[PDB]
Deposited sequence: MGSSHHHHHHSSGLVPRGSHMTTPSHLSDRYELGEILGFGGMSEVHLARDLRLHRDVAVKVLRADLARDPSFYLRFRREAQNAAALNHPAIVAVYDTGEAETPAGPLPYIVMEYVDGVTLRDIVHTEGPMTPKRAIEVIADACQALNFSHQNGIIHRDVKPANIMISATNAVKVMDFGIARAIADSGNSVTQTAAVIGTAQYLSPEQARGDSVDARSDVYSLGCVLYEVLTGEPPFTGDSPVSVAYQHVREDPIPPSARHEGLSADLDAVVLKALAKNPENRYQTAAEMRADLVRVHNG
């Protein structure tokens, strides 16, 4: 890919990938600031379905603004020698992902863990509040800023009400049905489990055996996986992870409430 988009954004190294598109650290030359930028593969960008999805991503993202959700500052399409390339300019987050943090620290203190998710809930509730389901909650999509903020990201597959991996899927995603706020709650639960125990709820030889685990197995109570985890907190995690949406928290707000009640 080229080094300068539109004359304005000078792409640097690769921060991560949001499904098949590269996310870059770049510098906005008009505003003297570091910003992160997502660039549709290029091949990808000739397919409508993706062009659309991608345009829609930006608009979905941009159309919500909250300090615990990454901001969008801009989208365009650069006309390069390698053709047209739509992109999205987003608030940069100098930090690490929950993934990374769990992988290097091990689990985090319960105290820490509670607030961190607590925050995630507001973010996600705000999104729901605004008619956006994220559909893709997992450690690799939540960040801790250098200033210790929480930033939820990758509205890559988030759906308005306009109308890969294994272990952070909701059962209804698994069976392949309509998903909603609850599905996000569940995904979030998984993430909570992950952070508290150093371990995800379920693991397998491939996506499919984990998918079944989501649908079939009870989760090991966290306390069992790792001492110094409160009985009160156990039942919290496990509610988010209720197999039936009905038995889950009905919104992020409800979940958060309970979390704040145990911290």
Counting from 1 along the deposited sequence, give me every gap where there's no C-alpha, start to finish.
1 to 22, 186 to 197, 298 to 299
